[PDB]
Amino acid sequence: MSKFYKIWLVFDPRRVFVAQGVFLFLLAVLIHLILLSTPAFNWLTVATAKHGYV
Amino acid sequence: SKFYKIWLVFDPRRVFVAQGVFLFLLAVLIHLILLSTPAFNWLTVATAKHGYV
Amino acid sequence: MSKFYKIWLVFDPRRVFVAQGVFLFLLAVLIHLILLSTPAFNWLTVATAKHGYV
Amino acid sequence: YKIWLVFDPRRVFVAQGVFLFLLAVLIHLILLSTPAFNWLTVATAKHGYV
Amino acid sequence: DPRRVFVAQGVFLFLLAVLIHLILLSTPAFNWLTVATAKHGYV
Amino acid sequence: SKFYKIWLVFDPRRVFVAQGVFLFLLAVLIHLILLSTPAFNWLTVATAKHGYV
Amino acid sequence: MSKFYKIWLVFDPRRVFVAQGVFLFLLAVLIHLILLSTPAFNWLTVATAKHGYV
Amino acid sequence: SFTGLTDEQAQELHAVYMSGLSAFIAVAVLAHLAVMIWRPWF
Amino acid sequence: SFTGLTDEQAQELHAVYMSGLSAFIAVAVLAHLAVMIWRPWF
Amino acid sequence: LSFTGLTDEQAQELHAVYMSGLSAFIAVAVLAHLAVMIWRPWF
Amino acid sequence: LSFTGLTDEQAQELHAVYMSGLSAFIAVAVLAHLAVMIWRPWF
Amino acid sequence: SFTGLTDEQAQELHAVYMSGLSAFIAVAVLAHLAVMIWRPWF
Amino acid sequence: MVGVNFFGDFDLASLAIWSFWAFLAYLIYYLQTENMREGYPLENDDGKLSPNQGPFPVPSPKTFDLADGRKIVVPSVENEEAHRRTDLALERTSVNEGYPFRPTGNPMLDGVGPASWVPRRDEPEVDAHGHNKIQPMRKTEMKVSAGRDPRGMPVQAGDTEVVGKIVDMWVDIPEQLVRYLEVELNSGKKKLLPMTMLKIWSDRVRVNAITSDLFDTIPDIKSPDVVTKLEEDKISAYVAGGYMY
Amino acid sequence: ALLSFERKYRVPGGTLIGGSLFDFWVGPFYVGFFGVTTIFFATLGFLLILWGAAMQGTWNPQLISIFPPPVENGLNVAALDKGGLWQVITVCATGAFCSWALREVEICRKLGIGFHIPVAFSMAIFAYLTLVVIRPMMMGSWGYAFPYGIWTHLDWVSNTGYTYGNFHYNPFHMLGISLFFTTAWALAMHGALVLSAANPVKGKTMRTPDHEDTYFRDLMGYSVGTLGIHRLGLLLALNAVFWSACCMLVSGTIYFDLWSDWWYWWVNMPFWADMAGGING
Amino acid sequence: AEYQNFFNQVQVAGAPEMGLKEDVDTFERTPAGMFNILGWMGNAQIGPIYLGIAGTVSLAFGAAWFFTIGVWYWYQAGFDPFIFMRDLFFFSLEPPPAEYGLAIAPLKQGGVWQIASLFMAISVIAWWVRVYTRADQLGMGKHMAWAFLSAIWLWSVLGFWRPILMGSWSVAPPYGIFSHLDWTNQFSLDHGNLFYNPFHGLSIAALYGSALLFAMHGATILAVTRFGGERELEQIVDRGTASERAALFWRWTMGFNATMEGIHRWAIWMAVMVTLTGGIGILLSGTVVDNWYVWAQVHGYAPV
Ligand code: BCL
Ligand code: BCL
Ligand SMILES: CC[C@H]1c2cc3[nH]c4c(c3C)C(=O)[C@H](C(=O)OC)c4c3nc(cc4[nH]c(cc(n2)[C@@H]1C)c(C(C)=O)c4C)[C@@H](C)[C@@H]3CCC(=O)OC/C=C(\C)CCC[C@H](C)CCC[C@H](C)CCCC(C)C
Ligand SMILES: CC[C@H]1c2cc3[nH]c4c(c3C)C(=O)[C@H](C(=O)OC)c4c3nc(cc4[nH]c(cc(n2)[C@@H]1C)c(C(C)=O)c4C)[C@@H](C)[C@@H]3CCC(=O)OC/C=C(\C)CCC[C@H](C)CCC[C@H](C)CCCC(C)C
Ligand SMILES: COC(C)(C)C/C=C/C(C)=C/C=C/C(C)=C/C=C/C(C)=C/C=C/C=C(C)/C=C/C=C(/C)CC/C=C(\C)CCC=C(C)C
Ligand SMILES: COC(C)(C)C/C=C/C(C)=C/C=C/C(C)=C/C=C/C(C)=C/C=C/C=C(C)/C=C/C=C(/C)CC/C=C(\C)CCC=C(C)C
Ligand SMILES: COC(C)(C)C/C=C/C(C)=C/C=C/C(C)=C/C=C/C(C)=C/C=C/C=C(C)/C=C/C=C(\C)CC/C=C(\C)CCC=C(C)C
Ligand SMILES: COC(C)(C)C/C=C/C(C)=C/C=C/C(C)=C/C=C/C(C)=C/C=C/C=C(C)/C=C/C=C(\C)CC/C=C(\C)CCC=C(C)C
Ligand SMILES: COC(C)(C)C/C=C/C(C)=C/C=C/C(C)=C/C=C/C(C)=C/C=C/C=C(C)\C=C\C=C(/C)CC/C=C(\C)CCC=C(C)C
Ligand SMILES: [Fe+3]
C-alpha cells in the first residue's frame, strides 16, 4: 500500500530507528559468525586453500 | 468480514510490537531447527553438492 | 444455549485474548516438540528416510 | 448459584482454567511416560513406523 | 472468613487426593496401569 | 539529499562518540582476527618471505 | 573539508585531548609489545644475534 | 454478597456455568468411553 | 457488567470471536484429516 | 466499546493497511515455501 | 488519528526519506548477494 | 525537530560529517585495493 | 598465546595485571579527590587555616542545578559559609591540638556536641512536583494500613512520666513513610518527635532519649503544617543530644 | 587538622573506660583506652609476623606464612618455633579486632548515633573466631585453623574444601554464595542509582528521589526505597557472613562425607528411587 | 532497647504513585497496587511497570530460553513428571562436544544448547537496551547501564568470547543447577588451581569488599536515620548533621572519610570491579595461561 507512511503516526521515529539499527547489526553479526564457523564458507580458509597461503 | 473491530479493543502499538517480536522469534526458531538438522542444513547440502572442503 | 456471550460481561476481552494467544502458541509448540522428539513422527526424519537425504 | 455471591467469578474462572489445564497436561504426561499407554508408541508398533 | 475456608479446603483436598494417587502409582501392586498392562498383555 | 534531517532526530555528540567507539572496536577486531589467522598474519608472511629467523 | 574546526564547537577540547593522549600512548605501547613478541621483529633479539651478545 | 452480584445475576451466571460444565463433562465421558473401547485400563 | 460493555456490544464481540474461532477450528480439523491420511496415529 | 478511543472509520482504514501488509507477507511466505518444496521437499 | 503528534504531511516526508535509505540498503544487499552467488553458490 | 537544531545547522553539520565520511571511505577503499593486490582473499 | 612472552617471563597476563595496578592507582586517586568536596580546607583548633592540608588537592568546583533555578557549587566558599555555625558556646581545654572542647553553657540548648545542628536552608524539602515532602496526615488522604496507630496514645519520657499525647503524624508523601509524631504537651504546646528515636508500645509511646523537663524546650516549627530542613535538623539534634546529656 | 565543621563535635564524654584519661585525638584518630590497646595489639601482631618472616628466611611479602601448630599438638600451647607464634599472633588479632569494635562504640557514643556499625563488625569478628577458634576446638586441635599467609591460607581453603569432595554442594554454602552475589548486585544498583540521580543528563536539573522510585518501578515494577535499600544491604551482608560461618561450623563436626552424597536423600526416597529413567536411573 | 529502624513500627498508605512523566510514554505503564507485607522493611507498592519494545523482546526471548531448558529437561525425564521432580537439579543442557567446534551442532548434541544460548543473548541485549532507555527518558545519568555492562562482560566471556577464542562451544558451561557447579569445579581443576589466578584473587577481593562496603554504608545510614540520613540527595545539595556525623565517625575511626555522594562512587566501582576483573581472569585462562600454579611459581608467589 501507499499508506505505509502512517506507521510514523503510530510509533516515534527515534524508537523505531534504534530498534531497527540494533536488529540489523545483530542479524548481520550473527550471519557472518555462522558463515565463519562453517569451514566450507569461511572465506579465509577458502582463500588459504585456493592460493596456497599456508 | 467485520474483523476490523479488533482495533476497537486493542491498541495498534501493543499489537504491532507483540506481532513483530513473535514473528522474529518464530523465524529464528524455525531457521535454527532446520540448521541443526544436517539433512536440511542448506550450507551442508551445498557443501556436499558443490564439493566444498 | 446462546447465553454464553455474557462471558464478555464478566471477563475483559483484552486480557482473555492475550492469555488465549499465549496459551495457544505454547500448546502448539509443545505438541510440535512432542512430535519431533519422537523419531516415528518427526517429519524431517521421515522425509530424510523417504528421499534418501544425508 | 449462591457461590457467586461469595467468590468473584473472574478469579474463580482463572484459577479453574489453570487447574484444569495443569491436570490435563499431568495426566497426558503420565500416560506418555507409560509405554503401555503411549499412543504414539502403539501407533508406530502397529503401523511399523521407523 | 468463608472465602479463605473454601480456598484452603479446595487446595488441601487437591493435595491430599494427588498425594494418595501418587502413593498408589508408586506402588507397583496397586498401580492400575501396570495391572491393566499385565491383564491385557499390552507389554 | 534529505538525510541531513537525521541530525533532527539524534543528538550529534552521542552519535559521534558511539560511532567512533564502534569503528575502533570493529577495526581492532578485524586486525586481531587477521593476526590470529597464520595465513593472513602479515608479520609471519614477512618473516617467511624475507627469511628472518 | 575546510570546516573541520567546528568539531571544537561540538566536543570539549580538554576531554578530547586527554582521551587522545591516553589512546595514542596505549596504541603505541601495544604495537611495540606486539613487535617484541615476534622474534623476527624483536630488535633486541636481532641485535643479540648480530653482535653475538648471548 | 461480597462480589456485589444480585441473586438474579448469580442465578444466570450459574446457569451458564452449569451448561458449559455439562458440555465439558459430556465430551470427557465420550473421550473416556472411546479410550475404554480402544485400550481399556480395567 | 464489570467490563462496562453493553449487552449488544457483548453480542457483537461474541459473534466476531466465534467466527474467528470457527475458522481456526475448521483449519485444525482439515490439518488433522491431512495428518491422519498421511500418517495415522491409531 | 472502544477501549482505544478509535472511531469506526479509523479502525477500518487501519485494518485495510494492516491487511495489505499481511497479504504481502503471506504471499512472500507462500512463494518461499513453494520454492523450498521444489528444491527440497519435506513430505 | 495520531499517537506521535506528527501531521500526515510530516509523516509522508519522513517516510519518503526512510524509503530512500531503505532502497539504498536493499540494493546494496542485493548486489552483495548476487556477487556471493556468482562466487560461491549455496544452492 | 527532536534535537532542537535548525534546518541550516543540521545541513551545515551534515556537510562536514559527509566530508569526513567520504575521506574515511576513500582511504578504506584504497587500503582494500592494496590488500587485494598484495594478498587477495577471494 | 600460551607461553608467548614479550620479554623475559612478561606475557599477556603480566601486562594485564600491571595495567590493572596502574588503573587502580588512578582510580583510588580519583575516588579520594571526589570525596574532598565538603569540609575542606582543613582548620586548626582556633579556626585558622591548618599548615598541613594533606597530599590530595581539592578538586575543581562542580555545580548542581536545582529545580527552582538555584545553583550549588559544592566545593566553594559560599557553600562552606552557608553551613557554618557561628557563636558556638565552646572553650578549649588545652593549648595543644587534639583535645576536646568544653561546652561553656547548656550543650543541648546551645546545640554543641551530640546536640549539634547544621544551619540548613530554612525552607521545606519539596518533591518533584514542588509540594512539601513532609506534611501532617490531617492534610492528606493517607490512612494507617499496618502496625499500631499511635494517635491518642500517651507519651512517656525517660524518667517514667507522662508528658502528653500524640495528636497527629507527619508523613513523607513520596515515600509513604511516617517520619515524625506530633505531641500535645500538658501545657498545650505542640512538638515534633522523630520516629527513629521513639518506641510505640501497645498502650503508650516511650521516648527514652529525653526526660520530662526537656520536652518543653524542644525546638519549634514556625508554621503548624510546615517543617523546614533547619527545623528538622534542630529537632533531631536536640532529641539525639539527650542520650549523652 | 580539623574539617571545617568538626570543631563543634569534639566534646568530652562517651568513653567506656578511663574517663578523660585517653579522651583526646591524635591527628584525625580518636584514641581512647581501646585505641591504645588497638595500637599495641596491631603493632605487636605486625612485628611478630615480620619476625616469623625472618625465621622462615623469606622477605617476599607473597611467600611469608606463619603456620599453626600441627594437628597432633591438640589444644596445648605450642612452642614459639613450633606453632606458638601463630597462637600469639591470633591472640593479638582477636584483641585488636575487639578493641577496634569497642573504640567504634565509644566514637558512636560521643557522636550520638547508633551502634549498627560495631554490631556489623562484630559479625565479621564472629566469622573470624569461627574459623580460628570454634571449629578447630570442636575438631580437637589448633592445627585445623588457617595459616597467616597471602596464598598459603588459600591453599588451606582449597584443602579444607576438597576434604569433603566438591564443597559447592554444602547447602549453607550455597545460601552464603547466593547472599554474597545478591549483596554485590544490590551495591552496584544502589551506587548507580544514586549517582544517576545526582549526575543527570547535561542540561537537566538534579533528580529527586521520586525519579529513582519511578526509574526502578519502570525497569522492574518495584522500588524498595532508600531506607529499604540500606536495611536490605546491611541484612544481606550480615546474613551472608552468618550462613558462611554456619556452613563452616557444620563441616567436619557433624558431617564428614561428601555433600554431593548428602544431596541424595531426595533421590533415594523409596517412592520414586527405583523408577527407571532420568539421570539417576 | 532503642529502636534500631530495621522495620517500620507503623505503615501508612494512600493512592499509589504512578511515576513522573518526563519523556516517558505513560501508555506503556501498567496499573499499580499494594502489598502490605513488603511495607515492613521497604515500600508496600507494587508500582507500575514500563512495557515498551525492549521489555517485550527481553521477556519473550528469556521465556523462550527458560522453556527450551525446561523441555530439554522433560525430554531427559522421558515425559515422567515424577522423574522430572526426582532429578530436577541433576538435569543438564550441555554444549556441543569439542568435535563440532563452533559450527551448528545436531539438536541432540548441542543444537538445543545453541538455540537456548542465542535466545538468552537476545534477551540480555534487549534488557540492557531497556536499562539504558529507561534511564534516558527520565533524564538520568546512565550509571546503571555501565554497571550492568560489567556483569554482561563477565557473562559473555564465560559463554561467548572464551569459547570463540578456544575454538569450540564445548568449553562453555551447561544449563543446570548441579551441572554448572561441576563445570566451575572442573574449570578450576583443568586450569591448575584457579586460586592462583591473580585476577581471580582481585575479583574475590572486590566481592569481599562489596559485602564489607555495603555493610559499612548501610550501618552508617541506619545509624544517622535519627537526622534523616537516608535522604541522601538532599544531604548532597543541602548538607545536614547526618552527613557530618557519618563523616566524623569514619574520620575518627580510620583517619579518612567520604562524602554523601562519593561513597556511592566507591560503592559502584567496588561492585563493578568483581565482574570487571573476573572477565579478564576467565579470558586469560586457557588462552594465555593453562596452569596458574606453575605461572605463580614462575612469577614468585608460589613456592618452588
Ligand atoms: C573468608 C574465607 C577465607 C579466606 C579466603 C580468601 C580467598 C579465596 C581469597 C582471599 C583473599 C584475600 N584475603 Mg583471605 N580468607 C580468609 C581470611 C582472611 C583474613 C582474616 C584475618 O580473617 C584476612 C585479613 C584475609 C586477607 C585477604 C587479602 C590478602 C585478600 C583480599 C581480601 C579483601 O580485599 O577483602 C575485602 C577487604 C578490603 C577490600 C579492605 C582492605 C583489606 C586488605 C587488602 C587486607 C590486607 C591484609 C594483608 C595482606 C595482611 C594483614 C596483616 C598485616 C600484618 C597488616 N583473609 C578465610 C580463611 N581470602 C583473595 C586474594 O587475593 O588472596 C591472595 C582471595 O582470592
Ligand atoms: C572449585 C571452584 C573454584 C572457583 C572457580 C571459579 C570460576 C570458574 C569462576 C569463578 C568466579 C568467581 N568466584 Mg571463584 N572458585 C573457587 C573459589 C572461590 C571462593 C572461595 C573459596 O571463598 C570465592 C569467594 C570465590 C569467588 C568468586 C567471584 C569473586 C567470581 C565472580 C562471581 C560472580 O559475580 O559470579 C556470578 C555472576 C555472574 C555470572 C554475572 C552474570 C551476569 C548476567 C548478565 C546476569 C544473569 C543473566 C540472566 C539475567 C539470568 C536469569 C535471571 C532471571 C531473573 C531468572 N571463588 C574455587 C577455587 N570461580 C568467576 C570469575 O570471574 O572468576 C575469575 C568464574 O567464572
Ligand atoms: C558484614 C560482614 C562484612 C564486614 C563488615 C565490617 N568489617 C569492618 C566493619 C564492618 C561493618 C568496620 O566497621 C571495620 C572498619 O573499620 O572498616 C573500615 C571493619 C574492617 N574490616 C576489615 C577487613 C575485612 N573485612 C572483611 C569482611 C567483612 N567485613 C564482611 C564481608 C574481610 C575479608 C572477607 O577478608 C577483610 C580483610 C578492616 C579493614 C576493618 C577492621 C580493621 C581493624 O581491625 O583494625 C585493627 C587491626 C589492625 C589495624 C591490624 C591488626 C593486625 C594483626 C594484629 C596481625 C595480623 C593478623 C591477621 C590474622 C593476619 C591475616 C593474614 C591474611 C593473609 C590471612
Ligand atoms: C556488578 C556485577 C553484579 C551485577 C550487576 C547488575 N546486574 C544487573 C544490573 C546490574 C548493575 C542491572 O541493571 C540489571 C537489572 O535490571 O537489575 C534489576 C541486572 C540484572 N542482573 C540479573 C541477574 C543476576 N545478576 C547476577 C550478578 C551480578 N549482577 C553481579 C554480582 C547474577 C548471578 C550472581 O548469577 C544474576 C542471576 C537480573 C535480575 C537483571 C537482568 C535481567 C535480564 O537480563 O533479563 C533478561 C533475561 C531474562 C528475561 C531471562 C528469563 C527470565 C525468566 C526465567 C523468564 C521465564 C519465566 C516466565 C516469565 C514466567 C513463567 C511462569 C510459569 C509459566 C513457569
Ligand atoms: C501433554 O498434554 C497434551 C498437550 C497432549 C494435552 C493437553 C491439551 C489441551 C490443554 C488442548 C486445548 C484445550 C484448549 C482449551 C484448546 C483451545 C480451544 C480454543 C479455546 C481455541 C480458541 C480459538 C479462538 C480463536 C482464533 C480466536 C478467534 C478470535 C479471533 C480474532 C478474535 C475475534 C474477537 C475480537 C476481534 C475483538 C473485536 C470485536 C469487536 C466487536 C470490537
Ligand atoms: C537463524 O535465523 C536466521 C538468521 C537464519 C533467520 C534470519 C532472519 C531475518 C529475521 C531477516 C530479516 C527480517 C527483516 C525484517 C530484515 C529487515 C527488513 C528491513 C525492514 C530493513 C530496513 C532497512 C532500513 C534501512 C537502512 C534504513 C534506511 C533508513 C535510513 C537513513 C534512515 C532514513 C529515515 C530518516 C532519516 C529521518 C529523516 C527525515 C525526517 C523527516 C527527520
Ligand atoms: C515448534 O513449533 C513449530 C515452530 C514447529 C510450529 C509452531 C508454529 C506456529 C505457532 C506458527 C504461527 C502461528 C502464527 C500465528 C504465525 C503468524 C501468523 C501472522 C498472524 C502473521 C502476520 C503477519 C502480519 C504482517 C506483515 C503485517 C505487518 C502489518 C503491516 C505493515 C501493516 C502496518 C499497519 C499500519 C502501519 C498503520 C495504519 C494506520 C492508519 C491510521 C491507516
Ligand atoms: C563477524 O562479523 C564481521 C566482523 C565479519 C562483519 C560485521 C560487520 C560490519 C557490521 C561492518 C560495518 C558496518 C558499518 C555500519 C561500518 C561503518 C559504516 C560507517 C557509517 C562509517 C562512518 C565513518 C564516519 C566517519 C569518518 C566520519 C566521522 C565524521 C567525521 C570527521 C566528521 C566530523 C563531524 C563534525 C565535525 C563537526 C562539524 C560541526 C558543525 C557545527 C558543522
Ligand atoms: C514445567 O517446567 C517448565 C518446562 C515449564 C520450565 C522448567 C524449567 C527450567 C527447569 C529452566 C532452567 C533450569 C536452569 C537450571 C536454567 C539455567 C540455570 C543457568 C545456571 C544458566 C547459566 C547460563 C550460565 C552461563 C555462562 C551462560 C552464559 C550464556 C551466555 C553468553 C550465552 C551465549 C550466547 C550465544 C552463545 C551463542 C550464539 C551462537 C550461535 C551459533 C547461535
Ligand atoms: Fe546510600
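Just follow the structure's listing: the first ligand is 1, and inside any ligand the first atom is 1. Throughout, a chain's letter reflects where its sequence line sits, starting with A, and its residues are numbered from 1. Heavy atoms only: backbone and side chains are in, while hydrogens, waters and symmetry mates are out.
- Any protein N/O/S atom under 2.8 Å from atom 14 (Mg) of ligand 1 was counted, giving 1 altogether.
- Under the 4.0 Å distance rule, the nearest protein heavy atom to atom 5 (C) of ligand 4 falls inside the cut-off.
- One distance of note links NE2 of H180(O) with OH of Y175(O); it measures 12.0 Å at 0.5 Å rounding.
- At least one protein heavy atom sits closer than 4.0 Å to atom 9 (C) of ligand 4.
- Around the Fe ion (ligand 10), protein N, O or S atoms at less than 2.8 Å comprise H190(N) NE2, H230(N) NE2, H217(O) NE2, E232(O) OE2, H264(O) NE2.
- Within a 6.0 Å sphere centred on CZ of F40(N), other residues, nucleotides and ligands contribute 12 heavy atoms or fewer.
- For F84(O), the ring pair (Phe, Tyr, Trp, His ring centres under 6.0 Å) criterion is met by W74(O), not counting sequence neighbours.
- Under the 4.0 angstrom criterion, atom 12 (C) of ligand 4 counts as having a protein heavy-atom contact.
- Using modelled atom types and a 3.5 Å distance limit, the side chains of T208(N) and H211(N) yield a donor-acceptor pair.
- To the nearest 0.5 Å, atoms CD1 (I125(N)) and CH2 (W100(N)) are separated by 11.0 Å.
- The contact set between ligand 1 and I49(N), taken as ligand atoms under 4.0 Å from a residue heavy atom, comprises 54 (C).
- Between the side chains of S123(O) and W65(O), no donor-acceptor pair is found at a separation under 3.5 Å.
- More than 12 heavy-atom neighbours from other residues, nucleotides or ligands sit within 6.0 angstrom of CG on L249(N).
- Side-chain N/O atoms of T90(N) and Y148(N) include a donor and acceptor closer than 3.5 Å.
- Side-chain N/O atoms of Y215(N) and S223(N) include no donor and acceptor closer than 3.5 Å.
- Side-chain rings of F22(B) and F25(C) approach one another, their centers coming within less than 6.0 Å.
- Contact annotation for atom 64 (C) of ligand 1: protein present (non-hydrogen atoms, distance under 4.0 Å).
- Counting non-hydrogen atoms of other residues, nucleotides and ligands closer than 6.0 Å to CZ of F126(N) gives a total above 12.
- Residue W183(O) qualifies as enclosed at atom CH2: its count of foreign heavy atoms under 6.0 Å is above 12.
- For atom 60 (C) of ligand 4, the nearest protein heavy atom is 4.0 Å or more away.
- Protein heavy atoms all stay at least 4.0 Å away from atom 35 (O) of ligand 4.
- Checking atom 32 (C) of ligand 4 against the protein gives no heavy-atom contact under 4.0 Å.
- When only modelled atom types and interatomic distance are considered, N193(O) and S188(O) share no side-chain donor-acceptor pair under 3.5 Å.
- In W151(N), the part holding a heavy atom less than 4.0 Å from any atom of ligand 1 is the side chain.
- For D155(N), the salt bridge (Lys or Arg N to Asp or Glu O under 4.0 Å) criterion is met by no residue, not counting sequence neighbours.
- Less than 4.0 angstrom separates atom 9 (C) of ligand 1 from at least one non-hydrogen atom of the protein.
- Counting only heavy atoms, the protein never gets under 4.0 Å from atom 45 (C) of ligand 1.
- Atom 36 (C) of ligand 1 is approached by the protein to below 4.0 angstrom, counting heavy atoms only.
- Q56(N) places a side-chain N or O within donor-acceptor distance of the main-chain N or O of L63(N), the cut-off being under 3.5 Å.
- In this structure, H217(O) has its ring center closer than 6.0 angstrom to the ring center of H190(N).
- Among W127(O), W153(O), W128(O), the residue whose heavy atom sits closest to atom 43 (C) of ligand 4 is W127(O).
- At least one protein heavy atom sits closer than 4.0 Å to atom 1 (C) of ligand 4.
- Geometrically, ligand 4 and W65(O) share no nitrogen or oxygen pair separated by less than 3.5 Å.
- A cation-pi arrangement is not found for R217(N) relative to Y222(N), the charged atom failing to lie both closer than 6.0 Å to the ring centre and inside a 45° cone about the ring normal.
- In this structure, atom 56 (C) of ligand 4 has protein heavy atoms in its sub-4.0 angstrom surroundings.
- Within a 6.0 Å sphere centred on OH of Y128(N), other residues, nucleotides and ligands contribute more than 12 heavy atoms.
- With ligand atoms numbered from 1 in the order given, ligand 4 contributes 31 (C) to contacts under 4.0 Å with heavy atoms of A184(N).
- At least one heavy atom of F195(O) sits less than 4.0 Å from an atom of ligand 1.
- Distances from atom 23 (C) of ligand 1 to the protein include no heavy-atom value under 4.0 Å.
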